Each structure stands twice: as C-alpha cells, then as structure tokens.
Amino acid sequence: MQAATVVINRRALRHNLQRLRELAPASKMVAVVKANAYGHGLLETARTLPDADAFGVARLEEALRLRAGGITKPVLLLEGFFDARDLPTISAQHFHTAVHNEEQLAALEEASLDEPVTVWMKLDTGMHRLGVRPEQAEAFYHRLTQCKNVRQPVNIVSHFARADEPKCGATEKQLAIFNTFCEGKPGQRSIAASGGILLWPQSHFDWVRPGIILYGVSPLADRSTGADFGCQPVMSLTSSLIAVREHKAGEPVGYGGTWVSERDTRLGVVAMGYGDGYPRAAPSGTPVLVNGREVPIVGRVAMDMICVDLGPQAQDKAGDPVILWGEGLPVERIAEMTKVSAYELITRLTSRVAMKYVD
C-alpha cells in the first residue's frame, strides 16, 4: 500500500518558471530552493529546471548538496557564509554570496583566495532582519569595491517585509531607500521575491527571486491560489485509508474526545499525521479528499493518523486513495482552514513521506 507521499509535478515546475519569465520579462531568475525546495526536494527541483539563471539557498550546507548532486548553475547564498573558513570553498565552487556584516566583509578583505567571488551587498531597507543599515552602507559598500577578492561590480540585494500588503506604504518605503542607495552604482539589483514579482512591477529590476510562487502556491495574505497568476500546484500530499469503521451517534473520536458524532456513520482512518508534517492544529471539518470527494476531518490529528467522516453507508474502504492537498484541493484552502501558512504547510514536512516525481 501507499501511505504518505508527496507527488511532485515536474511539468508544473517547468511552467511557472516560464510563466514567471512572462510576468517579469526583463529580469533574470533566481529559483529559490531553500529548505529542501519548500518541501518539494532540493536536488530534484533543481534538476527540473536547467533554466533558472541561478538557484537560491539559505545555508551553504545546501548549496554544497547541489554541487554534490551535479548542479552546475550559479548558486546564491542568500544569508552568506557563517564562517570565514568557508570562503575557499565558496570561490572554488563558484558560489555567489550575500554580505551583510563586518565579519564577512573583513573576511574577504584578508582571505587569500585563488579566484575572486561574486557578491551581493545585502542592504536592510526595512525588514530589519539581515543587511547593512542605510546609515552604514555607503562605507561598507566602498570597502567591497576595493576587495581584490570580490568580483566587480558589487551587486545589491534586499528583501520586502510586507509586499503582500499593498495598502500599507511599507513596500514603497523600502523601494525608496533601495533606489536612493543604488543610484550611481553598477552591478545589479534584486529586491523582489514572489510578492514583489506578482504585485510590484517596479521592483523587478535585474533579478527577481521566485520562491513560493515557483511551486504554484501563493504569497498572499488572502484566498488567492497560484492559479490566480497562471502558476500550477507543484505538490500533492497524498496517502491512503488504513481503516473504515462503524461509528455511532453520541460517540467521540479520538484524543481529548474533541469531536462527538451526532449520527451513526462510518469513519475512515488516514495514514497521515503530524509525524509526517500534517498540522496537528487542523480543526474538525478541515477538508480532505477520499476517492476525490471531500470529507471532513473529525477529531484531533494524531502523530500518524487522521480520522474523517465518510457517512453512514459510504463505500470507501481501507486502501483507497486520499489527498490531503493537491489536485482538487489546493494548499491555500487547507491553510485558510487550518490557519497555518501555506509556506509552513508545504515546507514543514518530515522525512517519513515518500517523494514521487511525475512527468
């Protein structure tokens, strides 16, 4: 049998890259594949995409696994290097690197590398997470232009904190700061990720960094899916029923007796739980497809099972196909229901689920 499994549609990956090239026609693409490619598989997502102009990661650990798998494209270390000793590996492997502190800068100033590196000076434009603050960037930037160990020109990168909230002037204030600093300077400019791409065409610049939207899921703080932008659900979280049992009115199902039935019915048990990555927070009523027909979750979601209400004479039975989200059921619909972010839903999965790749 099949319990739990993530089916990855390679043909949809393929298409949202293109579809994103159509939305940001004058910008190069940095396919963001950090965190095991948002739960879709780091190496397999990269291999699905010989077209990305580059690949973005969080950590080096992650870039090095690309290389190990045979991926040859430029890989962008979005957060940089964490230790000055990895700078020889960086230049060897031809990684590009963000530089946000004076430890990473100082480390490039002094290191003796065989080849210079390509760098992006992270500028803090309003997120206040990583990056050099404005009042500090002009001097930091100038030191990078004088490194013989950095490739000229120095590129400039930044990130939006609230691009999915078009009504607050957040984004437009970051853009103002970004534009002021990049005035008169060569080399290139990122600042846009999924939101900036979809919603702010004035912050496409030279390179855009699609992450969540790449996978056909939406960045947005509302009920838009990837299909709202012509982008196609990459992932399908699937499993199977391992039991179909009789149940009676007034009887609770499961831990804490969270749900009590008002009628005699039949309950289905799914080989899926939080030990696989399915949200334990999922409330009774959350939709799940059993044989393609929606049924509600009844009870607490356990570590490796989920109960659903099939009906008093349903004909489903152990072994039948279950879809937690995918074709027929977006992850955005499971996010609105659960109250969990689609970003977390597709990404915080464990190693217990099998990975399948299709097309």
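A residue's number is simply how far along the shown sequence it sits, counting from 1.
Enquirer: Which has higher Cα B-factors on average according to the PDB entry: 29 to 37 or 46 to 54?
Expert: Averaging CA B-factors over each stretch, the winner is 46 to 54.
Enquirer: So which stretch wins on mean C-alpha B-factor, 116 to 124 or 264 to 272?
Expert: Stretch with the higher mean C-alpha B-factor: 116 to 124.
Enquirer: Hey, out of 154, 76, 212, 197, whose CA B-factor is highest in the deposited coordinates?
Expert: Spelled out: the listed residue with the top C-alpha B-factor is 154.
Enquirer: Which one of 350, 9, 338, 16 shows the biggest C-alpha B-factor in the PDB entry?
Expert: Each of 350, 9, 338, 16 was compared by C-alpha B-factor; the highest is 338.
Enquirer: Comparing against every modelled residue in the chain, figure out the third that the C-alpha B-factor of residue 296 lands in (lowest, middle or highest).
Expert: Ranked within chain, residue 296 CA B lands in the lowest tercile.
Enquirer: According to the PDB entry, is the CA B factor of residue 253 in the bottom, middle or top third of its chain, that is, lowest, middle or highest?
Expert: Answer is middle: the recorded C-alpha B-factor places it there.
Enquirer: How does residue 206 rank on Cα B-factor within its chain, lowest, middle or highest third?
Expert: Tercile = lowest for this residue's CA B-factor.
Enquirer: Select lowest, middle or highest to describe the third in which the CA B-factor of residue 311 falls within its chain in this entry.
Expert: Within its chain, residue 311 is a highest-third residue by C-alpha B-factor, going by the deposited values.
Enquirer: Place residue 279 in the lowest, middle or highest third of its chain's C-alpha B-factors, as listed in the PDB entry.
Expert: Lowest third.
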